[PDB]
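The block underneath contains the structure these notes are about, expressed in structure tokens.
A short reminder: the numbers here are calculations on the coordinates, not readings from a lab. Backbone-built Cβ (ideal geometry, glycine too); neighbour counts: all protein chains shown.
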DNA sequence: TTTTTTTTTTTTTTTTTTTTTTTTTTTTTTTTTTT
DNA sequence: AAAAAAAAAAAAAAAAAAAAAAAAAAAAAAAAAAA
Ligand SMILES: Nc1ncnc2c1ncn2[C@@H]1O[C@H](COP(=O)(O)OP(=O)(O)OP(=O)(O)O)[C@@H](O)[C@H]1O
Ligand SMILES: Nc1ncnc2c1ncn2[C@@H]1O[C@H](COP(=O)(O)OP(=O)(O)OP(=O)(O)O)[C@@H](O)[C@H]1O
Ligand SMILES: [Mg+2]
Ligand SMILES: [Mg+2]
């Protein structure tokens, strides 16, 4: 891959092949154990999802050693959670200190006391959504530098080595492997990190006066193709649809909560185009 | 040992005593009539029957008597600006109900009371409610558990309990679990709990309470309107009794000049006490109108002209020049450098020499200490922003007239 | 979609006798691993000797 | 004693046995419970609705059902009763009589997970007010809603809240798996006739039906069903009508004028008058509505000096505007200095003109542009 | 051997610090006009 | 094709409340003193 700079300045058979690919990567496991024995760490950089390959490595090979699987594609993990996991569950040493580098210091001084107790560390998506800062990669590089801890990892983002300098890459004694499966990212894109019908469904739940306030907003937006607060308050007090100002303010706040009215500074727009508002007004008559 | 004494304190077995005087207090027969008026006009001396609050007394009395007699439980919210007789009327209602219960005209009941501003956290309401039942001081988790075991479980014969909650806005926070718990326990049939909640703002249930808490709070509400000049005169002439110590026009002046500002009853009963103290040192036995005029000038203070007149000469030149920079630039917020340029212009006109900008910064800090101007920390000299806290017409009223 | 992936947890522990020489005897007693270990230990001691002699 | 106090007692706004407005919802919940009992499969459920619509009353009526009492283990947890979000495991261990080693929340979680792994009866965990468990990470709520996916676990849980889309907004990750996303059940607000039937059931519970003719019930329900639709406000106005009519008439049925007066009831000092008039004048004559306290005080002083009334200084004026804030006419945005506090009028000007009721003074102040 | 005294650890409770929310204001980028 | 300016959206303070960590005080078990 030798990219050209001029592009920047001018601006079935498949399942059998995937099974053969997965068997070919399954053959690599004794060589991976021999490589992990010499102090190197395994890194996989293929195209597709490498969750099943690392799960097969943990199942078929590491069925008796201490293993900390870390799902880095989880949108809500913290480095404190992994450090507390190591400290409390593996070493039985309680909760880790609040500064993470002191926690890695204590993990090094405690793992230096116990040789022949290897901790395997399997980080799916080392470039995950909450591991993309410099601090978590410094913590993981200090963890992988320990001779007792052996690390396997996967990377998928193309800008992954931008956060590894030469010191982190010297601590991460990586052995790079092209484990290119063609499996789709089912698990990795399932999480939170990656409308007319909703408007009708939340409009059926409102009461009568709430519907009337929203119909006043719809009629004003359809006549003028964001309405002020004073015209809405005058039209609500004319039809006796509200008692005072504060009930209307709370009702419009409820409208902001269910994504029906968007407030701007009081300008109250509906984020729906005019033809759909016309069909919606014909739906209510 | 004091640790055993504190373990007795948490158990509620030792009374929190206060020191007693070595000398016996003064007798009532030695007091002058001005002294009797000054001790009757105190705000701590509540009457047994409050004037001009008869309708609110009838409303709260009918509410609490009905909730006691039906043995059902519910809630109320009374409101009004401070000084309008809310807590005095509620405790007068509850004292009348306890006098009826001691005469077996009403079923007997328990009366717990808390205050939102006497607590360091809103969670301490559980500690202070449970302390008034048993006497024990516990943690708020155990007190919450014991209050839930008291209110949610049916146990005949449970007595009716009336919980007055002053300062309801302090018990609100973001989570709103304390106010939800206090207003949710009357909804259970096992708890014969009647909650009265006192606060200042009328629209507290819709402003900062949630929807379910406003639903539980109900709509049976009362508002205490501020005192007019007729009512606020009736209060003071009730406190004086049949004495002729106050002139009839003096109390009218106090009521007319306090009712126009706030409607507070403490304000009138403090201005009348200050007028009595003025009449005492003037060696007269009556409180005429000019004593009330001097007391009204003292209590409703306006002492910014006196501060500008007693500023030094360089301070007054600085105060003229800040107003000159406001007039020149148009905006109200001025930097120090343009103020110092106008300072040197005005000092060159007036014939004086001015101190250098360091001592001018000392003058600016000295005026900002009195809050005559608003100024920053002097670490950013020549670029700090100088608001003028006094109005520009008070400076020209003080330095010309 | 699997039991291994959870919606709440992010880290999973499989502790087997953890308290407070990875491979087996079948490869360590082989001659190629012994000669590899011996050659690597010689070369690593030689490079450490050279770096200490350069820094002294 | 008489019919009025009997009606005031029997409305009661408290826990009941009959629920005439909730018949399809109770049958649907019974069908959900019976279909998950007969297949012995676990299932989540999230019921929601406006406050006062009948959710807790329904799921407290169903946690006293004797057949579901014999077939499964019922647990009710109100979630404002917990000291923290992570204490729900401690509360559930206390409600299930589990034995823990103790003194960490993770061990309580492990004890609950072991109690779900084995079983002898099905578990029904009702978490009422489940919006109180929502946090930043939501480890607790995602841990709880994953228990139907746990292998061999038989817990079927119900979460009650007010928000229509709490499972969509605060439980986004549950949509990724069809095993995990809870079945939804909305409790719609009450209509007019449902509130009428609730009143006619509560009044026939103690045979006090003669106090309310049908016309006033059909007016009170017509207002309350249109305003909010909850039954707590309906029963509160229905109790307040009788407790006002007992004060008024001391057997007279309550008239339409009494409930109309109570329904329109539910649904000044001189310096505060002069403050409100200058705020209306400053908002009428100027298009910049960012009024500070000092800029308002300067116009107030000239308006007072024009009428030859002695004006307050800034220190009493701040307290005066603070007292007008309590009535709801204003809202004071707080800043670092009291001169720079921002007054925001929160009534329209006709409400101020009707509330001050001193139009001879109001028309005199609004015509004086020159003092601004 | 059995009762009492003093130590250490652990547990709970309170206080302080850090992190999060939440409101307001500022700065940067966008859309629309002008050359 | 490129400049500008009126407004909208990203961000930047900040300020106010809460989550969590630290620190201290009270309680349960331990080990020694002693009758
Ligand atoms: N109608 C009245 N007649 C006689 N004295 C009154 C009257 N109203 C108030 N007072 C006196 O003024 C004081 C008012 O204190 P009170 O407890 O009534 O304040 P409040 O109205 O509850 O308001 P807040 O507690 O919010 O300040 C009392 O000490 C009482 O002696
Ligand atoms: N269908 C009904 N028939 C008779 N009474 C009812 C009905 N629904 C509710 N109520 C009564 O009205 C009150 C409403 O309280 P409920 O337990 O329904 O609150 P909720 O709907 O859970 O509101 P929130 O979610 O705000 O607590 C209850 O005391 C109940 O007795
Ligand atoms: Mg009070
Ligand atoms: Mg409920």
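Peptide A:67-74: average number of partner chain Cβ atoms within 10 Å per residue?
5
Round to the nearest 0.05 the FRET efficiency obtained for residue A:1 and residue A:134 when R0 = 35 Å and r is the Cβ-Cβ distance.
E(calc), rounded to 0.05, equals 0.85.
Pull up the DSSP beta bridges for chain B and report the antiparallel fraction as a percent, rounded to 5.
15 percent
Once you keep just the Cα pairs under 8 angstrom separated by 6 or more residues, what percentage relative contact order results for the range D:23-187?
Over the range D:23-187, the number comes to 37 percent.
What order do you get for A:212-222, B:115-125, A:273-283 when each peptide is scored by the mean count of other beta carbon atoms within 10 Å, highest first?
Values: A:212-222: 18.5, B:115-125: 15.7, A:273-283: 12.2.
The densest-packed peptide leads the list: A:212-222, B:115-125, A:273-283.
Once you keep just the Cα pairs under 8 angstrom separated by 6 or more residues, what percentage relative contact order results for the range D:270-367? Walk me through the numbers before you get to the answer.
Working: 91 pairs, mean separation 33.2, N = 98.
Relative contact order, the range D:270-367: 34 percent.
For a Förster distance of 30 Å, can you work out the FRET efficiency between the beta-carbons of residue C:21 and residue A:19, rounded to the nearest 0.05?
Details: r = 35 Å, r/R0 = 1.18.
About 0.25, to the nearest 0.05.
Obtain the nm distance between the two label points defined at residue B:175 and residue A:192 by a simple spin-label model: each point lies 7 Å from its Cα along the Cα-to-C-beta direction.
2.0 nm
Take peptide D:58-68, look around each residue's Cβ out to 10 angstrom, count Cβ atoms belonging to other protein chains, and average those counts.
So the per-residue partner count for this stretch is 0.
Using alpha carbons only, how many degrees (0 to 90, rounded to 10) separate the axis of helix B:140-151 from the longest principal axis of chain B?
That helix lies at roughly 40 degrees to the long axis.
Output the antiparallel fraction of DSSP beta bridges having both residues in the protein assembly as shown, as a percent to the nearest 5.
20 percent
Which order do the peptides D:194-201, C:2-9 take when ranked by the mean count of other beta-carbon atoms within 10 Å per residue, highest first?
D:194-201, C:2-9
Please average, across the residues of A:114-127, the number of beta carbons from any other chain that are within 10 Å of each residue's own beta carbon, and give a whole number. Write down the numbers at each step before the final one.
Working: counts 3, 1, 2, 5, 3, 3, 2, 1, 2, 1, 2, 0, 0, 0.
Mean number of neighbouring Cβ atoms from other chains: 2.
Relative contact order (percent) for chain B, with alpha-carbon contacts under 8 angstrom and 6 or more residues of separation?
Values: 520 pairs, mean separation 64.9, N = 401.
Computed value for chain B: 16 percent relative contact order.
Can you say what percent of the DSSP beta bridges in chain A, counting only those with both residues inside, are antiparallel? Round to 5.
20 percent
Can you sort A:73, D:212 by how many other beta carbons sit within 10 Å, fewest first?
Least to most surrounded, the residues fall as D:212, A:73.
So what is the 222 nm mean residue ellipticity for the protein assembly as shown from helices alone, if each DSSP H run of at least 4 adds -39500 (n - 2.57) and you divide by all residues, rounding to the nearest 500 deg cm²/dmol?
Computed mean residue ellipticity for the protein assembly as shown: -14500 deg cm²/dmol.
Testing the spin-label approximation: label points 7 Å from Cα along Cα→Cβ at residue D:100 and residue A:276. State their distance in nm.
4.8 nm
If we sort C:13-19, B:332-338 on the protection proxy, mean other Cβ atoms within 10 Å, highest first, what's the order?
Values: C:13-19: 14.3, B:332-338: 17.4.
Most protected by this proxy first, the peptides run B:332-338, C:13-19.
How big is D, in µm² s⁻¹, for the protein assembly as shown by Stokes-Einstein at 25 °C and 0.890 mPa s if Rh is the Kirkwood radius over C-alpha pairs?
Approximately 67 µm²/s, per Stokes-Einstein.
What ranking of C:52, D:115 emerges when the number of other C-beta atoms within 10 Å of each C-beta is taken as an exposure proxy, fewest first? Please list the in-between numbers first.
Numbers: C:52 9, D:115 18.
Sorted ascending by nearby Cβ count, the order is C:52, D:115.
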